[PDB]
Every structure is written in C-alpha cells, then in structure tokens.
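Participant: This one's a deposited entry, sequence included:
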Amino acid sequence: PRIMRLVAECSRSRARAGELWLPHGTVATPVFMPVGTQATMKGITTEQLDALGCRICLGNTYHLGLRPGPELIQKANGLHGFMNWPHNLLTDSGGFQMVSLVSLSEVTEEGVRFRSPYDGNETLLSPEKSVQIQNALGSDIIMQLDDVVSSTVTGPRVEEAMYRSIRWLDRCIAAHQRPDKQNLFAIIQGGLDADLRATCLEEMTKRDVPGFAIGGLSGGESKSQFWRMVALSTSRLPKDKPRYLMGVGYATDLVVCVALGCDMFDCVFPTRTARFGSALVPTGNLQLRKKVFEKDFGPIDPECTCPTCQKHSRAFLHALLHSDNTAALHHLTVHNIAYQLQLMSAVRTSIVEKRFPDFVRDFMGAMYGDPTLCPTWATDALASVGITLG
Amino acid sequence: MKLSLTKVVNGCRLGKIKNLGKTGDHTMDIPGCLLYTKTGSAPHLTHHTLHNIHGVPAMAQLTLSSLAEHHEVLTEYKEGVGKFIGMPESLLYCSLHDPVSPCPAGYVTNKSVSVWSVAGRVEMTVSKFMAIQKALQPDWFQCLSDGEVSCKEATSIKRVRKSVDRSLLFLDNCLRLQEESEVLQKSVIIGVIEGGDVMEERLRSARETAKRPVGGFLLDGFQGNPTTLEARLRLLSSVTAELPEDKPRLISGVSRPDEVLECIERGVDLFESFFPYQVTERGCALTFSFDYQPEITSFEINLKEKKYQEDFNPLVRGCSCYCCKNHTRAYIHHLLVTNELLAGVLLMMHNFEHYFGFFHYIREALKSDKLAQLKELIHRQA
RNA sequence: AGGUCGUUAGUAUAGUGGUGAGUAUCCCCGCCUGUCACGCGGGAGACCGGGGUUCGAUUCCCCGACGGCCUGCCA
Ligand SMILES: Nc1nc2cc[nH]c2c(=O)[nH]1
Ligand SMILES: [Zn+2]
Ligand SMILES: [Zn+2]
C-alpha cells in the first residue's frame, strides 16, 4: 500500500508535485517542515503556527528520552497530547547527537554511550532502546537509528559506519512493533564516495520500507560534490515513494533540489536566526539592529501577508529590539516561518499549471538581479536537467 | 472632562468619566487600573496574543524613562505616538519613572531632574520636557516634580521645605509655557503633592496646589515597611481634604492586593498594575481567590518544586485564559526547569487576566457596597 | 554674603606623585544548514578648566567654574 500519489510531473525536468496520505490528514508535496526539539517551537504558541498554514512538525528522541523521559510522556498521551498539536509529526532518531556532541560520547557495536551535557552522567543508547522509546512517543513517520559519521572525515571509518548501519537496520526492523501506525524510513549513508553510496543503495533497496532518506549531507562542504551526490541518489531510488533530504534550509538549495527530484526538507535556520534579530526577504535578509533602519516607515515587505507586515514598520521593530522586552523576538519568528511556507506553495502551483521553467528565471532574477550572476554551482545543476536561463 | 458619582458610601467613591480623549466617544470607569507597558508593548506580548486577554482596560501607561531616548524620531513621524507603536485606539498617560526600578537619591537640583534610561542617566530642564510632550502628544502628562525625599525616611525640615517650594516653581513655570503655545493645548496636565511625613507640609502642599487649573492630582511617596502602616495611613486621610471633588486622584507605588483595599478607603481612583509582573518574573503563579459570595495559605504557588512534575491539572480551576484552556502544570514545570521562553508568555497571559478580574470584581462589589466581606477574604490569606 | 566638601568613557565606580589607568553597561564588525544556541568571538571609547610646585602632576599649592552641605540674610 503506497503512501504517495502523483498529480503533476514536469515534462522538461524531473520535478514532481503530489500528495502524502498520512494518518492525520494529508499534505501536498513538496513541503518544508520547521523543527522544535524539546516539545515546543521556540517562543511561539501553537495557535499562531497553525494559523500561519503549516501542516507537519518535528521532534527529537535523545532529548525527550533524557528529560522528561518516556515513562510520563507515555502517560501524557504521547507527544500529541503533551504538546497539543492537531497535525502530523516526525521524530528523529538522535543520530545527529552523534556528530554534534562528538567530544562527549563513544560508540561500539552494542550501541552508543553518552555523557549528558547538562550534568555528566552516562547511559546507553542501542537500536532496541531507541525504537522502543520512539514507539512510546507515537509519531507518524519514525526514523531508524544509524551510525552517522561526519561529512568531513576519511579512512575505513566510513565503511564501518555503512555496514554497521545496515546491521542495525535489520535489528531495528526486527524490533519494530507498530507497523501499521508508523512508517520507518531507511536512511542512506556513505559519505561522499560513489561506490560506497551505490553499494548502500543497492543493498538496502531490497528491504521493504515505505520511504527512503538521504543522509550525511549537511553543514560546510563543497557544493559541487553535494549536488552530484543528490543526483546520483535520486536516479537509483524508485519512483513510487518519497525522497527526503535532511538538513538543507536556504532558498536556492530548496529550488535547485526540487528541480532534481526531492520531496521533503528540514532545517533549524529560520527559527534560530530569528532570535538573533534577522528577517528573511525576496532579496536575502535584513538585520534589524543597524542604524539604517531607524527612520524607515515602510513595511518589512510590501507583498508579504504575515501579521507582522501589516501593522508595524521597520522603525518600531528596531526601537523595540533595543530594550529588555522579549516580545520583539516573537515578531521575527512569525515572519520567517510565513516566508518559508509561501515559497514552496508558489513553486508547486507553478509546476501544476505547466509553467515551472519560467518560475526559476524570475526567482533568480529577483534574488541576484541579472540572471547571469547566480552561483556557478546552480547553473551546472540546472543545465544538466534541461532548464536553461540566460 | 466630566466626572460622574453614582454612589459615595463610607468614603468609597464610585463613578465614571464620560468626556475624554479626542473630543469624546470614550468612557472610563472608576476605580480602575492602567495597562503597564515597557517601551511600547506589554511585556512578552505581541498584538495577536495581547488580544486573547479578556478585559484589557482602555488607557495605557508610558514611562518617560523608557521613551526619552527615541525623541528625534517622533518629530519626524509627525503624527503622535499611538500611531507609531501601532496602538491607535487607546488613550495614553506618560508618567515620569517606572515603579519597579527605583531612582537612587541625590541628584535633584533647583533647575532640572534626572531619569535613568538604558543608555544611562539623563537630566531634563523645563524646556526639554515641554518639547518632548509636544512631540509625543499624549492625552495626559504628569508635570516635572521633586520627590527625592522618600529615600531618606528621615531628614531635616529644611530639605522638605526646599522640595515643596521647588515643586511649586516647576508647576507654575510649565503652566505658563504650555499656555503660550498651540499644539499642547489639547492635553491635560496634572498636579503633584508631597511633603515627607509631616502633617504641616502635607497640608500646605495640597492647599497651595489646589489653586491652579490643573485637571487631576498625584499623591506621591506612600510606600514602606509594614512597621509604619498606620502613620502612613492617617496622613493620607488628612491629605485628601484640601482638594476639589471634581478631578481624578492617582496614587503611585501601591499595587499589592492588600494595601489597595485600604488606600481606596481614603479616596483614590486609579492604580498602577505592575505587581503581576513581579509575581511572574519570580517564577510563581497567582492563585488567591476574590469570589466573596461563596502567601500563608495560597497567594501564589511556586512551580520549580518537585511536587509539580507529575501533575496534570490547570493552574487555576475555571480560569478562562489560554493557558488554563490548553496546557497542564506538568508541562509548565517542564518548561521552567528546562529554561524555555514560552513559560513567560503562558504565565503573563494568566497573571494579567487574574489581576484584571480582581479589579473588575472590586469595582462591582463597591457598586453593590459589600467591601467588608471581600476585605476579610483577602486579608485572611496574605 | 561667609565657611566647608567634591569634579576621571555616552552613563556609573576602583585606583596612584613612575600602571597598555581596572570592571560592568551603551556603540561598531563577524559567525548560524533536522538545537550544548534570548548564543559565541573581536574592536572602540575617559583623570572640569587655568596657573604654580615637582626630574615627572590624574597625585602637592593657588584661582575660576559648576554642584551639594552648614551658617548669615530672608520667610
Ligand atoms: N538520523 C539522522 N539525522 C540526521 C539529521 C541530519 N543528518 C542526519 C543523519 O544523517 N541522520
Ligand atoms: Zn511578513
Ligand atoms: Zn489562567
């Protein structure tokens, strides 16, 4: 029983446009999903977020299993009841803590041992335990624990990680207990090596999984390797199931990768960058602490539609950010989430009515001005698939 | 201005002002509070969440200390301050310094006063003060005064006499300067009364200030330790005897629920509303009841304890705020211990609503004249 | 009127006749890709004015200004 239905597919490139059929309503692909780790979005009530338009949200396993712990969260009727959110949820496997908290833990074939970064206590996280606590949380898409290595390391470490991830995959498949209510997503590993990633694809395509996801591609690395790796991954994967690219969040990346056949995205950039005082716009961003925005009586963006871009001007936000009142950090957050949601919808409608190749030209023109000044890593990716601008 | 007095029983005035604002079309009840703001908005709230609060009053309260820095901008905007901060539908009152952060003593001279802003300390003469008032265009504004004597709690009579004379000079000068101009003529100006802890001064100040066409009065310097709460309560009833009975009375520094019920008894109209902010910033949640008909026992609960970790209940039964409709105590404890921002929002939305409810109830009860029962109910707890 | 005390970044406070004048806040740049994050680095910014004493003056003496306190005058 498939979970994805196709609606419209570009006849010039490989972009798609469809819809997911999840246990709490349905979502139109592509989609961007913001992330709130400790069972909240930072600084903003759920009614605001729901009214902005968003339809699926995130969570984390390590943190929630640490404090407050599985036992009472299960007694609070899962993370839907605990957080009070009537839409779809997606729960991460805690494998990213294996690269973020690198100098605080060790890993063996049995699991991983973590020393808490809030008080130095150590405990064990093995595939069975991770899958169990995720079963207690009760999400709509559940991810398998994998042995993540950094995308900046070499040596036989990558092969060990790949094979160990496969073995853990089979263990956690055997450990899964609610096959009907959750969708386990195999995670493709292999770093940046062609042969290793090909082997991984070939091997773990044979298992029965609802979906597939592409991992190990985040942070700082050459983009020339990045897009080639995504293009390799997309062709081998089947067409009846969604792809999923983890940890890409900027606008240019979203559009290019849509052209290359992705379906879902995740990042923490917009929310976190809001709390440092910066806003997102069709031309980049604004830093509302400089002196240049002190006497500027217009809106943030004339064409926007968020609650912030209709009442308040730039001058007022500048002046309010300089006090101790934190309400000025709950304005930027709303704008950035709205910004992100509108762009995906625009692209989707552009492709449904058979005009997608002309959306891209306009977007590049707006962002960089002359369409001949886009990043050289975007021209190659676009020209490979058929879309030619300039 | 138009004052109504439906009932005056046992020295407890009840009424409503009906002609105020631009030219009318606004009514304000008595007694009441004013919404407390930091540099524009309510603290931790934006307009969307602010309008989820029931029973927000119609007049707010700016502080000259917070807005004095951004002065060269409002002249360029040219159109007032309810339009700059995007609240263009309420009256405004511009007090001088906020009650939460006290002003250290020992800077007032016979030419200017001082106020403590974020960028530091700034002193202002008469001309600067009038220019700022012209630019802001608020409905009301308290005149430039001298109140440095509250800090000492004990001093020679010479300082107190000097203070009273200073304040009189300031009032006269500003009255003339405002009379001269044009734009300022549509804003009301209110008077200030002081004198320390002497009956003579507390009488002379009031007698001498009543003979000017100011539109209302301010009673300054009536807070202190609970060991002097009779010598700081007879003086008040002696003071409110030399003022015309047609203008509002304001009192600064009194916001606890227990002192208010006795400050109203000597005749007082309007109050600040900063106490719920204090009880929120400390991490607690107000829980005393004021329903008379049906911190010792319950005045606030502390939520960083351990007993509130497997507790699935609202903060207060029957509270109608957003927090008490959606979330539970466990979740707020989890938010507090793990150091989250949303905790402030969810607690402010509750504390403000509770306090406003209290003031509405006390006004209604005073209308029905059953203040003794409510006074006993409040006193038996804190 | 007379007597006495005081003056150091935009705004507070330590310090010395031989110190890059210390600290905390403002001001100015940079960083952010499924949260160790209302965060992390870096920079800039002062001894009231005048005269004398001293090898050397923010450090000792004299004058002026500004301000507080006391007395006198006055209420
Ligand atoms: N589990 C998991 N999470 C993330 C988040 C970003 N990258 C990864 C990855 O490779 N694995
Ligand atoms: Zn907007
Ligand atoms: Zn409540």
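Facilitator: Received it, and whenever you're ready, just let me know what you need. Residues are numbered from 1 along each chain as shown, chains lettered A, B, ... in the order given. Ligands and ions are numbered 1, 2, ... in the order given.
Participant: which residue does the stretch 151-300 of chain A bring closest to chain B?
Facilitator: residue A:295 (5.9 Å; CB to the nearest CB). The C-beta positions use only the backbone N, C-alpha and C, and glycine is treated the same way.
Participant: Quick one: residues contacting residue B:224.
Facilitator: B:153, B:232 (CB atoms under 8 Å, 6 or more residues apart in numbering or on different chains).
Participant: Now do the phi/psi pair for the residue lying closest to residue A:267 once chain neighbours are set aside.
Facilitator: In space, and not counting its chain neighbours, residue A:267 is closest to residue A:249: 2.6 Å by CB to CB, 6 or more residues apart in numbering or on different chains. Residue A:249 adopts backbone torsions of phi -140, psi -20, taken as degrees, to the nearest 10.
Participant: ok, now how distant is the residue of the stretch 151-300 of chain A closest to chain B from residue B:70?
Facilitator: 10 Å (CB to CB, to the nearest Å).
Participant: who's more crowded, those two?
Facilitator: The neighbour count for residue A:295 versus residue B:70, taken as other CB atoms under 10 Å in any protein chain shown, is higher for residue B:70 (18 against 14).
Participant: Need the three-state assignment for the more buried one.
Facilitator: coil (DSSP: H, G, I helix; E, B strand; the rest coil).
Participant: got the contact list for the residue in chain A that ligand 3 sits nearest to?
Facilitator: Nearest residue of chain A to ligand 3 (CB to the ion) works out as residue A:45 at 14.0 Å. Going by CB under 8 Å, 6+ apart, residue A:45 touches B:49, B:322, B:342, B:345, B:346.
Participant: Please apply the same query to residue A:303.
Facilitator: Residue A:303 neighbours (CB under 8 Å, 6+ apart): residue A:282.
Participant: Relative to residue A:133, how far out is residue A:170?
Facilitator: 20 Å.
Participant: How about residue B:258?
Facilitator: From residue B:258 to residue A:133 the distance is 49 Å (CB to CB).
Participant: For these two, indicate the residue with more neighbours.
Facilitator: Legend: neighbour count by other CB under 10 Å for residue B:258 and residue A:133, higher for residue A:133 (21 against 14).
Participant: so that one sits right up against residue A:68, yeah?
Facilitator: No. Contact status for residue A:133 versus residue A:68: not in contact, 12.0 Å apart, counting by CB atoms under 8 Å.
Participant: Can I get stretch A:234-241 as PDB, trimmed to CA atoms?
Facilitator: The C-alpha atoms that make up stretch A:234-241 are tabulated as PDB, following Å, rounded to 0.1, in the frame of the first residue of the first chain:
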ATOM      1  CA  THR A 234      17.700  10.300  -7.000                       C
ATOM      2  CA  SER A 235      18.000   8.200 -10.100                       C
ATOM      3  CA  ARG A 236      18.500   4.800  -8.400                       C
ATOM      4  CA  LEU A 237      15.700   5.300  -5.900                       C
ATOM      5  CA  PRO A 238      12.200   4.100  -7.100                       C
ATOM      6  CA  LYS A 239       9.500   6.500  -8.300                       C
ATOM      7  CA  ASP A 240       6.600   5.300  -6.100                       C
ATOM      8  CA  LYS A 241       8.000   6.600  -2.800                       C
END
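Participant: If we go by neighbour counts, what in it is buried?
Facilitator: A:234, A:237, A:241 (16 or more other CB atoms under 10 Å in any protein chain shown).
Participant: Do I have it right that residue A:73 meets residue A:137?
Facilitator: Yes. Residue A:73 lies in contact with residue A:137 (CB under 8 Å); the separation is 6.6 Å.
Participant: tell me, what's touching those two both at once?
Facilitator: A:64, A:79.
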